[PDB]
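Submitted below is the structure of interest, expressed as C-alpha cells.
Each answer follows from the model by the rule given with it, or from the source it names; no laboratory read-out is quoted. No Cβ is skipped: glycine too gets one built from the backbone with ideal geometry, and neighbour counts run over all protein chains shown.
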Amino acid sequence: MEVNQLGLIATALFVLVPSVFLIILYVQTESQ
Amino acid sequence: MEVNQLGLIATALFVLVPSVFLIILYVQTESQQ
Amino acid sequence: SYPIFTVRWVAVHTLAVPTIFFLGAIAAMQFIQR
Amino acid sequence: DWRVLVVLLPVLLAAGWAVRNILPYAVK
Amino acid sequence: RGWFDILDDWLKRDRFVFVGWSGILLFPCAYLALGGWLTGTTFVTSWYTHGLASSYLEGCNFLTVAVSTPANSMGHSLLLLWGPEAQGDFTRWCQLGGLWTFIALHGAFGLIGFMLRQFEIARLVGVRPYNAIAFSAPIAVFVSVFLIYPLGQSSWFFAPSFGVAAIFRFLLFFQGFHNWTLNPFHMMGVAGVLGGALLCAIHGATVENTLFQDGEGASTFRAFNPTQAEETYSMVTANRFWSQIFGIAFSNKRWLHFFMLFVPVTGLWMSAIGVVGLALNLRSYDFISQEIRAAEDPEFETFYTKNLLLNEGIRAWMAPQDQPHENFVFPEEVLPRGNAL
Amino acid sequence: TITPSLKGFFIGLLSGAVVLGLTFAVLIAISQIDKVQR
Amino acid sequence: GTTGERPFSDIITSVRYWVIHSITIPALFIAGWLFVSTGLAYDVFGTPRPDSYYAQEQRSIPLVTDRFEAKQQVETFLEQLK
Amino acid sequence: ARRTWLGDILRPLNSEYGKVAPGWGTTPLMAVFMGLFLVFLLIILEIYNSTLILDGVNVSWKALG
Amino acid sequence: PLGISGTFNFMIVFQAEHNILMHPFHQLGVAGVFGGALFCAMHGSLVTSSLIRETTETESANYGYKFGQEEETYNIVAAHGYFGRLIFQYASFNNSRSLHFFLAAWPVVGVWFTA
Amino acid sequence: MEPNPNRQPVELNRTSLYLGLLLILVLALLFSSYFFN
Amino acid sequence: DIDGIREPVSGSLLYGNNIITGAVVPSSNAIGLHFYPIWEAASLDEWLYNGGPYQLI
Amino acid sequence: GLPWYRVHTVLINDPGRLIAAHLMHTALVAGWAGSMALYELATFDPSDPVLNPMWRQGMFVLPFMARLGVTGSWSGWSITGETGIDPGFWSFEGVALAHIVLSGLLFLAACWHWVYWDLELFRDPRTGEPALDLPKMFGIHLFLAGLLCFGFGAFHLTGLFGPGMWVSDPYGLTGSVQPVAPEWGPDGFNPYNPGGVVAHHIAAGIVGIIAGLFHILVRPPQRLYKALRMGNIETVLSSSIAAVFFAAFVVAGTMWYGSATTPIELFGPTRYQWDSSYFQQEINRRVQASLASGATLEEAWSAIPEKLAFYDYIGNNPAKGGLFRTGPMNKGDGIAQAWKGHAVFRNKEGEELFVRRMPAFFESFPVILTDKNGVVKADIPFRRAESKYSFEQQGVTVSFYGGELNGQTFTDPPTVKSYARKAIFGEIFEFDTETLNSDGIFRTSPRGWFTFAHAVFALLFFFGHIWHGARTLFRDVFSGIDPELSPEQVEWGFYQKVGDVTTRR
Amino acid sequence: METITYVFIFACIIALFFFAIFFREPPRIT
Ligand code: CLA
Ligand code: CLA
Ligand code: CLA
Ligand code: CLA
Ligand SMILES: CCCCCCCCCCCCCCCC(=O)OC[C@H](COP(=O)(O)OC[C@@H](O)CO)OC(=O)CCCCCCCCCCCCCCC
Ligand SMILES: CC1=C(/C=C/C(C)=C/C=C/C(C)=C/C=C/C=C(C)/C=C/C=C(C)/C=C/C2=C(C)CCCC2(C)C)C(C)(C)CCC1
Ligand SMILES: CC1=C(/C=C/C(C)=C/C=C/C(C)=C/C=C/C=C(C)/C=C/C=C(C)/C=C/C2=C(C)CCCC2(C)C)C(C)(C)CCC1
Ligand SMILES: CCCCCCCCCCCCCCCCCC(=O)O
Ligand SMILES: [Fe+2]
C-alpha cells in the first residue's frame, strides 16, 4: 500500500518519546 | 539525493535507544543520593 | 662462583651465532656483479 | 658437495677452539 | 613430587629469561618465525610465485626484500614441507612459497605462546592479567589480516607479504580495490591508533610537567624512588591545568590508565572487523545516492567521485604486474588516463 | 590406497612426535638434575 | 636484584671472553661469506643467478601455475636454461 | 528453601558438589583421547585442504554423484 | 581539503607525486604513531594490572582512587616485576619519571619527523 | 519465602553519562552517512 | 573551482554531500599563493566560487 | 553500586534466576525465528525457483527450514515448484507458529523460575549454600546431547523416521529432500558427501552417550578440578565460549567454501565457482557433446537449462557485494526474467572472439576481447586517438544462440558494445529493474551475509573467552592486587621459583 | 532529511560539550 513514508518515524517517536519520559520518572522514584 | 528511506529511522533509533538507556540509569542514580 | 652455560647463554648464542654468519654472507653479497 | 665443507670448516674450528679454551672451567 | 611437579619447578625458576610452560610453545615458534623471515629475506627469491626479486642475494635492500606469499595456484594449501606440493624437497618448497605459510603459522602459534606467557607470569607474580587482555588486539589484527582475509579470497597470494615495501603495496591494493579508507571500521581504527598516540604523548608530557620537587638537581629523574609511597607528580595541578586549557580533565588516575588501555585496543579490534568484511569483498566501496546523481548529472563532482577515479587508475595500472597469474593484457588504449599524463 | 600424501602425513606425524618427545625428554632430564632447594 | 648469571659487562671486558670470540666471530663471518662466494647459497635455496631469470630470448615470467605439478613445472623451467 | 516434588526426584543429581577423585585420577587417559582427537582433526583438516589426498575421496562438488 | 574524503584525496595524490610511503620520515611517523599506541596500551595495561585492592567486586575499581590522595594507587614494583620477567629485567622501567618522559618523547619525536 | 538477597543497586555517574552520550552521538554521526547511503 | 579549470567541486551538505564526502574545498589554482580576503573579491558570489572560505578558515 | 557493565553478575550465585534468564533468552531466540519466518513468508515469491530462487530474494531462515525437509506452504506451493502439494502441519507456516508458541511457553516458565528462585534443589545439602555440581551436570547434558545427536542422525536424516535432508547433483539443478544413507568409509569425511553427515551424527552421538556416562559416574581428578576451578561457574562460561567460537569459525568456512550442508540451491553459488569457471566448464561440456552428435549451434545452446546458465553469471557470485548495499540481490541487478542466449562475438575475419570475464576483485573492468589463443583482438578504448582495436575498426559482431535472442545477430557497433559490456559478467540475462526499483549495483547473497556475520561473531567471542577465562583464573585479584605484596616476591633472585615462597635462598 | 539529520547530531554534540564543561561533576579533593 502506498502509505506515507514518514508515518513510520512519526508512529515510532509518538510511542518512544512519551513512554521513555514515564519510564525515567518511574525508575527514579523506585531508587529513592 | 536518492538516499535509503530507512536510514532516517535507523539513525533516530540508533541515537535514541542507547541514549535513553543511559539517561534512565543516570537519573535513578542521582536520586539515590 | 658463576656458571658459564645457562639458558641465557643458549638464548644469546641462538641469536648471535647466525647473525654474524648472515652478516658475513650479506657482506659477500656487495661484491656480486651482474 | 665440496662447498659444504668449505662453508663448514671455520664453524667447526671455531667450536673446536672454544671447546678447548673453556673446557677446564666447564668441568668445574 | 612426581616428574610433572619437578618439571614445573624447573620451568618457573627465576632466571634472566623466564621460560614457563608457555615457553615451550613460545620460544621455538617465535624463533622459527623470526628465523624464517631473516632466512627468506636474505636468500630466497619470489621469482616463481610473483615474478619478483626479494632477497639481499638477488640485489634487494632492506626496504624491498620480502618473504612473499605463495602463487595463486596454491590455493590455501598449508604448503607443508612434506606435503603433496613440495614433496620434501627443501629447495622447491622455498621457491613455491613454503616460507610464507611457515612464518605465518609459526608466528600465529608464537603469538598464542606470548599471550600465554603474559598469563603465566601474571599469575605467578600476583598481578591482574590486563596486559594479556590488551594483547588480544594485536592478535586480532594478525589473524584477521594474515589468515582470515586471504582465506576469504582465492589464495594466500593476496595476503600481505612479510616485507616493508610489500606491505606498502598491500596498503595501496586495499585503496584501489576495496576503497578501504572509506570504511568506518578502518576509521575507528585510525581514531584509536592516533588517539592512543595522543594519549601517550599528553599523559607523558603532563606528568613530566607537574612533577613535585623531590631533590635539588636540575635533572628531575634522580628524584624518584621506585618504592616511595607518594605520587611523584601533582594530579591536582594537572587537573586544573587541563580544565582551564581544554575544558575537561581527568580526575581519576584509575580511569585515566584504563582509558589508555581501552582506546588503542578498541581501535585495533574495530579495524580487524572491517578486514573480515574485506575477506568477502564486503566493502564500503560506494555511496549509492552519489552514484545515481553523478550518473545522471555530469556537473556533479565530489571528493568521493574524485577518489574513485584514482582507484580505477590504481587497478588498471597495477593489476597486470601485481596479479601475474591472470595474464591481464591491457592495450595502451584501454588504460584509463587523464589529459596529457 | 596408501597414497604419497598419506605417507607424507605419517612422516610429518612422526617428525613432530620426535621433536616434542626429544624436547620433553631433555626438559625432564634437566629438571631432575637441577632441582630447587626447599 | 640478579638471578645468578654472570653480568654481561663483566663478561665482555674479560680477556678469556675475547680470546674465544676473536676466533669464533671471524670464523662465522668467513663461513657465511663462503656460503655466498662459493655459490652454494644459490643452490640450497633455489634462487636465480643473474644469468638465469630468463632464457636468452625469453621475456615471460616462469610462473608456477599448478598446485600439484608445481614441483615439475619449476623443473621444466630450469631445463629451459641448461 | 522450597521443596517440590520434582526437586526431590532430581535432588541426588545435585548433591556431590566438590567431590573429586584423588590426585591425578584419570588425567593420563584423558590425555590419550586428546591426542587421538588432534590427529583426527588434523586428517579432517588436511583432507578439506587437499594436503592429504585419499583414494576415492574427491573433495569437490562432483562428489555429489 | 577540510573534509574526510578530501583528506583521502590529498593522501593518494601525495603518494603518486612523492612516494611518501618510501620516505623515511613517514616511516618514523608510522613508528611514532604505532609505537605510541603500543606504549599507550602497555602503560595503561601495566598500571591497571597493578592497582592496589581497595574495593569489592560489586564496585568499580576506580572508586579506590580519590582525587588528590597522596599515596600512589598502584604498585610500580609489582608492575616492574611483571614486565621485567615478560621480557627481561633491564627492558622494564623502575623509574616513573623516565617512563613517562619516554612516553612523551617517542610519539612527539616520531610526529616531528612525519611533519 | 524471603526476598531475593542477590539484588544490587546500579549506578551511572554524570561523567559516565557524558562519555556514553558522546560515544553514541559520534557513532551516529559516523554511520548515518552509510545508513542513508 | 579548486583546480582553476572552471570545474567546480561540490563540498557542502546542501549541495549533495554527506558527512563523509563533504568538505570545505581548497581555493582555486588560479589564485595560487595570492591572498584572497573577502574584500579583494568583486562580490561574495565570486569569493565563494573561487574558494575564499578555505583561506579564511 | 554495580556499574552498568556488571548488572547481570547478580545471577552468579542464583541458579533459579539464572535459569529464569536462560529461559528468557531462549524465548527471545525462538520468538525471533518465528517472526523471521513469517516475515520471509510474507515477502517470498515462490513462483520461479529457476531464475528467482530464495537466495536471490534475501531469504535467510527459509533455506534452513528447507535444508532439513520443510519445503511447502499451507498455501499450496513448494520451493521445488510442485503445486497442489499438501505439506501437513510442518509447513513453513506451522514451523513458524511452533516457535512462537514455544517462545510464549518459555516466557511463562521464566516468570515462574524468577519468582520461585529459592528451590532447595539448588542448595548444597551439607552446607545450605546454593551450589551447582558442574561436573555431573556436564555428564547429564552431554548424555542428552548424545541421544539427540544420535537420534537426529539415525532417524531424521536417514528417513527411518523423518524426512531426510536437501541433496542435489553437483551443479545445483535437481535438488530435493531425500533420505541419506550413512557413508562409513573414509569418503564420509569428504565435506561434499552427504552420507558422512549421517555417519557423523550416528557415531558422534554414541561417543556422546558414552562420554556422558563417564562424566555422570566419574569424578574429576583433584588436580584438574583445582587447575580449572571447577567449583566456579565462570570457567564453564570460559570454555563454553571457546567451543562456541570454534564452531562459528567452522560454519563460516563451510558456508564460504561449500559443503554438503550448504547447497547452492538454498544459499546460492560460492565465489570459487566463478573463480574456476565451474559452471562454464560444464556448459561448454554439454554444448560440445551436443555438437559432436550433429546438433546445430542453435540447437546445442538451446538445450542449456536456463538454471545452469544463471549460475554462470557474476551477479550471483557472493564476492561481488558491499557492506552497506542492503537487501536482496534482486534490488541490485533486478529480478531475472529470461536468459537472453549465449553471445558469440566474431571479428570481420570470422574469427570467434572471447570477452575476458570480470574477476571478483574488480568493481569495474575494461572490455577486452581475445582469440582462442589469448591474443587481444578488440577492445573498447579509453583514449580514442590511437586505438587499434575498437569494435568499429575490427568489425565486431555478436550472435546469440539459445535463449530469448536465439538466432539473432547484431552488427551496429554500439549495440555490440552493449552486449560485450554485459558479457564480462558471464551469461546474459533480462532483468526487471522496475518492480523493486533496482539500482543496478551488485549485492551479496545469503552465503556472503552468513559467512560475514559468523566470522565476526567468532572473532568477538574469542575476546569473550579471553576475558571470562582471565576472570576465572584470576578471580582472587579482580578487585586489585594484594596491598601487602612485599617487594621480595616480585624482585629478582629472592626466590628460586617465581612466586613460590618456599624456594627462598 | 539527511542534511537535517547530520546537523541535528552535530548540534547535540555541541550542546553536550557545553554541559560537560560547565555542568561537570566538580572534582573535589578527597
Ligand atoms: C612447539 C613447537 C612447534 C610447533 C607448534 C610447530 C608447529 C608447526 N610447524 Mg614447526 N618445527 C618446530 C617446532 C614447532 N612447530 C621445530 C623445533 C622445528 C625444527 C626442528 C620445526 C620445523 C618445521 C618445518 C620444517 C615445518 C614445520 C611446520 C609446522 C606446521 C605443521 C606441523 C605438523 O603438521 O605437525 C604434525 C605432527 C604432529 C601434530 C605431532 C603431534 C604428536 C601427537 C600428539 C601424537 C603422535 C603419535 C606418534 C606419531 C606415534 C609414535 C609412533 C611410535 C609408537 C613408533 C605447524 C604450524 C611445517 C610448516 O610450517 O608448513 C608450512 C613445516 O614444513 N615445522
Ligand atoms: C523441539 C525442538 C526444536 C525443533 C525441532 C526445532 C527445529 C528447527 N528450528 Mg528451532 N529452536 C528451538 C527448538 C526447536 N527447533 C529452540 C528451543 C530455539 C531457541 C533457542 C530455536 C531457535 C531457532 C533459530 C534461531 C532458528 C531455528 C531454526 C529451526 C530449523 C532448523 C534447525 C537447524 O538448522 O538446526 C541447526 C542445528 C544446530 C545449530 C546444531 C549444532 C549444535 C552444536 C554443533 C552442538 C554443540 C556440541 C555438543 C553440545 C557436544 C558434542 C556432543 C557430541 C559428542 C554428541 C528447524 C525447523 C532455524 C529456522 O529456520 O528458523 C525459522 C533458525 O534460524 N530454531
Ligand atoms: C546472523 C544474522 C543475520 C544475517 C546473516 C541476516 C541476513 C540477511 N537478512 Mg536478516 N535479520 C537478522 C539477522 C540476520 N539477517 C535479525 C536479527 C533481524 C531482526 C533485526 C533481521 C531482520 C531482517 C529484515 C527485516 C530484513 C533482513 C534481510 C536480510 C538480507 C539482507 C541483509 C542486509 O542488507 O544486511 C545489511 C547489514 C548491514 C547494513 C550491516 C550493519 C551492521 C552495523 C555496521 C553494525 C553496527 C556498528 C556498531 C555499533 C559498532 C560500534 C561498536 C563499538 C565501537 C563498541 C540477508 C539475507 C532483508 C531481506 O532481504 O529480507 C528478505 C530484510 O528486509 N533481515
Ligand atoms: C554466552 C555468552 C556470554 C555470557 C553469558 C556473558 C556473561 C557475562 N559477561 Mg561476558 N562477554 C561475552 C559473552 C558472554 N558474556 C563476549 C562475546 C564478550 C566479548 C564482546 C564478552 C565480554 C565481556 C566483558 C568485557 C565483560 C563481560 C561481563 C559479563 C558479565 C556481566 C554482563 C553484564 O551485566 O552485561 C550488561 C550489558 C548491558 C547492560 C548492555 C550491553 C549491550 C551491548 C553493548 C550490545 C547489545 C547486544 C544485543 C542486544 C544482543 C546480543 C546480540 C548477539 C550477541 C547475539 C556476565 C557474567 C562483564 C564482567 O565480567 O563483569 C564481571 C564485563 O566487564 N563480558
Ligand atoms: C629504549 C629502551 C630503554 C628502556 C629501558 C628502561 C630502563 C631499564 C634499566 C633501568 C636501570 C638500568 C641500570 C643500567 C643497566 C642497563 O641498562 O642494562 C644493560 C644490562 C647490563 O646488565 P649486566 O647483567 O651486564 O649487569 C648488571 C648491571 O645492571 C650492573 O651494572 O645489559 C642488558 O640488559 C643487556 C640485555 C641484552 C641481553 C640479550 C639477551 C637475549 C634476549 C633473550 C631473548 C629475548 C627475551 C625473550 C622475551 C620474549
Ligand atoms: C627457516 C628454517 C629454519 C630456521 C632457520 C633459522 C632459525 C634461521 C635463523 C637466522 C637468523 C637468526 C639470522 C640472523 C640474521 C641477522 C642479521 C642479518 C642482522 C642484521 C643486523 C643489522 C644489519 C643491524 C644493524 C644496526 C643498525 C642498522 C643500526 C644500529 C646498530 C645495528 C648494528 C643494530 C630451519 C633450520 C628450521 C629449517 C626450515 C627453514
Ligand atoms: C505469551 C504467550 C504466547 C504468545 C507468544 C508471543 C506472541 C511471542 C512473541 C515473541 C516474538 C515475536 C519475539 C521476537 C523477538 C525478536 C527478537 C529477539 C529480535 C532480536 C533482534 C536483535 C538482537 C537485533 C540486533 C541487530 C540489529 C538491530 C541491527 C543489526 C545487527 C543486529 C543483528 C545485532 C502464547 C500465545 C504462545 C501462549 C501463551 C503465552
Ligand atoms: C608439533 C611440533 C611440530 C614439529 C614438526 C616439525 C617438522 C620436522 C621437519 C620434518 C621435515 C622432514 C620431512 C621431509 C621428507 C618428506 C619426504 C616425503 O614427502 O615423502
Ligand atoms: Fe601514568
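Just a yes or no: is a residue in segment I:79-98 within 16 Å of ligand 5 (Cβ to nearest atom), more than 7 Å from every other protein chain (Cβ to nearest Cβ) and polar (S, T, N, Q)?
Yes, the conditions are met somewhere in segment I:79-98.
Then there is this: Kindly indicate which of E:128, E:117 is part of a loop (DSSP other than H, G, I, E, B) and of a type outside the set (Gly, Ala, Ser).
E:128
For segment L:443-480, how many residues are touching a residue at least 60 places away in the same chain (Cβ under 8 Å) and under 12 Å from residue L:238 (Cβ atoms)?
So the answer is 10.
Oh, and also: Could you list, ordered by first residue, the pairs with Cβ atoms under 7 Å in which the first is in segment J:16-37 and more than 8 Å from chain B (Cβ to nearest Cβ) and in a helix (DSSP H, G or I) and the second is buried (at least 17 other Cβ atoms within 10 Å of the Cβ) and of a type outside the set (A, V, I, L, M, F, W, C), at least 6 apart or interchain?
J:30/E:184; J:33/K:18; J:34/E:184; J:34/E:284
Further, regarding this structure: Filter chain J down to residues that are more than 21 Å from residue B:7 (Cα to Cα) and among the β-branched types (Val, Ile, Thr), then give me how many there are.
So the first thing to find is which residues in chain J are more than 21 Å from residue B:7 (Cα to Cα), and the list is J:1-20.
Applying the additional criterion that residues be among the β-branched types (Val, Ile, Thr) yields J:10, J:15.
Result for chain J: 2.
Part of a helix (DSSP H, G or I) and within 14 Å of chain H (Cβ to nearest Cβ): is that true of residue L:55 in this structure?
On the way: part of a helix (DSSP H, G or I): yes; within 14 Å of chain H (Cβ to nearest Cβ): no.
The answer is no for residue L:55.
What pairs come up if the first residue lies in segment E:235-264 and is within 30 Å of residue E:138 (Cβ to Cβ) and at the interface with another protein chain (Cβ under 7 Å from one of its Cβ atoms), the second is part of a helix (DSSP H, G or I) and of a type in the set (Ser, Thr, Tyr), and their beta carbons are under 7 Å apart, counting only those six or more places apart or on different chains?
E:257/I:48; E:258/I:48; E:261/E:130; E:261/I:45; E:261/I:48
Another question, then. Mind counting the residues in segment L:289-322 that are free of Cβ contacts under 8 Å to residues at least 24 places away in the same chain and crowded, with 21+ Cβ neighbours inside 10 Å?
0
Just to be sure before I move on: is residue H:65 on the phi > 0 side of the Ramachandran plot and within 7 Å of chain L (Cβ to nearest Cβ) in the structure I sent? Lay out the reasoning, then the answer.
Working: on the phi > 0 side of the Ramachandran plot: yes; within 7 Å of chain L (Cβ to nearest Cβ): yes.
Yes, satisfied.
Taking interchain pairs and intrachain pairs at least six residues apart, which have beta carbon atoms under 9 angstrom, with the first residue in segment H:46-57 and on the phi < 0 side of the Ramachandran plot and within 9 Å of chain F (Cβ to nearest Cβ) and the second surrounded by 19 or more Cβ atoms within 10 Å (Cβ to Cβ) and among the hydroxyl-bearing types (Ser, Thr, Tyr)?
H:46/F:5; H:51/E:77; H:51/F:5; H:52/F:5; H:53/F:5; H:54/F:5
Would you be able to say whether some residue in segment E:21-41 is in contact (Cβ under 8 Å) with a residue 60 or more places away in the chain, at positive phi and surrounded by fewer than 24 Cβ atoms within 10 Å (Cβ to Cβ)?
Within segment E:21-41, not a single residue is in contact (Cβ under 8 Å) with a residue 60 or more places away in the chain, at positive phi and surrounded by fewer than 24 Cβ atoms within 10 Å (Cβ to Cβ).
Oh, and also: Here are L:109, L:131: which of them is within 14 Å of chain H (Cβ to nearest Cβ), surrounded by fewer than 19 Cβ atoms within 10 Å (Cβ to Cβ) and of a type outside the set (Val, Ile, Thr)? Let's see the steps before the verdict.
Details: L:131 fails: surrounded by fewer than 19 Cβ atoms within 10 Å (Cβ to Cβ).
After ruling out the rest, the residue left standing is L:109.
Also: Condition first: in contact with a helix residue (DSSP H, G or I) (Cβ under 6 Å, 6 or more places away or on another chain), under 30 Å from residue J:3 (Cβ atoms) and either of a type in the set (D, E, K, R) or touching a residue at least 12 places away in the same chain (Cβ under 8 Å) (or both). Can you find one or more residues in segment L:84-103 that meet it?
yes
Conditions tested, residue by residue: (1) among the β-branched types (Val, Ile, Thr); (2) away from ligand 7 (no atom under 16 Å from the Cβ); (3) outside the structural domain of residue L:317 (by CATH).
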position: L:3; (1), (2), (3): no, yes, yes
position: L:7; (1), (2), (3): yes, yes, yes
position: L:13; (1), (2), (3): no, yes, yes
position: L:29; (1), (2), (3): yes, no, yes
position: L:32; (1), (2), (3): no, no, yes
position: L:35; (1), (2), (3): no, no, yes
position: L:52; (1), (2), (3): no, yes, yes
position: L:56; (1), (2), (3): no, yes, yes
position: L:69; (1), (2), (3): no, yes, yes
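Sticking with this structure for a sec: Would you pick out the residues in segment E:103-120 that are more than 21 Å from residue E:69 (Cβ to Cβ) and either in contact with a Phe, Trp or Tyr (Cβ under 6 Å, 6 or more places away or on another chain) or not hydrophobic (A, V, I, L, M, F, W, C) (or both)? Reasoning before the result, please.
Filtering segment E:103-120 for residues more than 21 Å from residue E:69 (Cβ to Cβ) gives E:112-120.
Answer for segment E:103-120, where residues must be more than 21 Å from residue E:69 (Cβ to Cβ) and either in contact with a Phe, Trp or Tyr (Cβ under 6 Å, 6 or more places away or on another chain) or not hydrophobic (A, V, I, L, M, F, W, C) (or both): E:113, E:115, E:117, E:118, E:120.
Oh, and also: Quick check on residue E:204: is it away from ligand 4 (no atom under 16 Å from the Cβ), part of a helix (DSSP H, G or I) and under 30 Å from residue I:8 (Cβ atoms)? Walk me through it before giving the result.
Values: away from ligand 4 (no atom under 16 Å from the Cβ): yes; part of a helix (DSSP H, G or I): yes; under 30 Å from residue I:8 (Cβ atoms): no.
No; evaluated as a whole, the condition is false for this residue.
Does segment L:15-25 hold any residues that are within 16 Å of ligand 7 (Cβ to nearest atom) and among the aliphatic types (A, V, I, L, M), and which are they? Step through it out loud before you land on a result.
Initial filter on segment L:15-25 (within 16 Å of ligand 7 (Cβ to nearest atom)): L:20-25.
Answer for segment L:15-25, where residues must be within 16 Å of ligand 7 (Cβ to nearest atom) and among the aliphatic types (A, V, I, L, M): L:20, L:21, L:23, L:24.
Looking at segment L:179-194 only, could you name the residues that are surrounded by 20 or more Cβ atoms within 10 Å (Cβ to Cβ) and not in a loop (DSSP other than H, G, I, E, B)?
Going through segment L:179-194, the residues surrounded by 20 or more Cβ atoms within 10 Å (Cβ to Cβ) turn out to be L:180, L:182, L:187, L:189-194.
Matches in segment L:179-194: L:187, L:189, L:194.
In the list I:79, I:91, I:115, which residue meets the criterion of being surrounded by fewer than 18 Cβ atoms within 10 Å (Cβ to Cβ), within 19 Å of the chain's Cα centre (by Cα) and either more than 15 Å from residue E:199 (Cβ to Cβ) or within 16 Å of ligand 6 (Cβ to nearest atom) (or both)?
Numbers: I:79 fails: surrounded by fewer than 18 Cβ atoms within 10 Å (Cβ to Cβ); I:115 fails: within 19 Å of the chain's Cα centre (by Cα).
None of the other options fit; the residue is I:91.
Among the residues of segment L:431-446, are any farther than 25 Å from residue E:144 by Cα and outside any loop (DSSP other than H, G, I, E, B)?
Scanning segment L:431-446 turns up at least one residue that is farther than 25 Å from residue E:144 by Cα and outside any loop (DSSP other than H, G, I, E, B).
Take residue E:62 and tell me if it is aromatic (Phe, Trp, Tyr) and surrounded by fewer than 24 Cβ atoms within 10 Å (Cβ to Cβ). Let's see the steps before the verdict.
Numbers: aromatic (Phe, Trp, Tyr): yes; surrounded by fewer than 24 Cβ atoms within 10 Å (Cβ to Cβ): yes.
Spelling it out, residue E:62 is indeed aromatic (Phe, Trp, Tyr) and surrounded by fewer than 24 Cβ atoms within 10 Å (Cβ to Cβ).
What are the pairs, 6+ residues apart or on separate chains, where a residue within segment L:234-245 that is touching a residue at least 12 places away in the same chain (Cβ under 8 Å) has its Cβ under 9 Å from a residue that is charged (D, E, K, R)?
Hits for this filter: L:234/L:471; L:234/L:475; L:235/L:229; L:237/L:471; L:238/L:471.
Given the conditions (1) in contact with a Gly (Cβ under 7 Å, 6 or more places away or on another chain); (2) free of Cβ contacts under 8 Å to residues at least 40 places away in the same chain; (3) more than 9 Å from chain G (Cβ to nearest Cβ); (4) not small (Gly, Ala, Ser), report the number of the one that residue E:91 does not fulfil.
The one condition residue E:91 does not meet is (3).
Could you pull out the residue among L:23, L:38, L:28 that is within 16 Å of ligand 2 (Cβ to nearest atom), crowded, with 20+ Cβ neighbours inside 10 Å and not aromatic (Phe, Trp, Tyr)? Even if it seems obvious, please write down each step before you answer.
On the way: L:38 fails: crowded, with 20+ Cβ neighbours inside 10 Å; L:28 fails: crowded, with 20+ Cβ neighbours inside 10 Å.
Of the residues listed, the single one that is within 16 Å of ligand 2 (Cβ to nearest atom), crowded, with 20+ Cβ neighbours inside 10 Å and not aromatic (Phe, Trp, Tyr) is L:23.
For residue L:58, state whether it is closer than 30 Å to residue L:213 by Cα, touching a helix residue (DSSP H, G or I) at 6+ places or on another chain (Cβ under 9 Å) and surrounded by 18 or more Cβ atoms within 10 Å (Cβ to Cβ). Spell out the reasoning first.
Details: closer than 30 Å to residue L:213 by Cα: no; touching a helix residue (DSSP H, G or I) at 6+ places or on another chain (Cβ under 9 Å): yes; surrounded by 18 or more Cβ atoms within 10 Å (Cβ to Cβ): yes.
Here the answer is no, as residue L:58 does not meet what is asked.
Now for a different question. Of the residues L:63, L:15, L:53, which single one is within 16 Å of ligand 4 (Cβ to nearest atom) and either crowded, with 20+ Cβ neighbours inside 10 Å or polar (S, T, N, Q) (or both)? Quick ask: steps written out before the conclusion?
Numbers: L:63 fails: within 16 Å of ligand 4 (Cβ to nearest atom); L:53 fails: within 16 Å of ligand 4 (Cβ to nearest atom).
When all the criteria are applied, what remains is L:15.
Which one of G:49, G:59, G:6 is surrounded by 14 or more Cβ atoms within 10 Å (Cβ to Cβ), more than 7 Å from every other protein chain (Cβ to nearest Cβ) and of a type in the set (D, E, K, R)?
Details: G:59 fails: surrounded by 14 or more Cβ atoms within 10 Å (Cβ to Cβ); G:6 fails: more than 7 Å from every other protein chain (Cβ to nearest Cβ).
Answer to the check: G:49.
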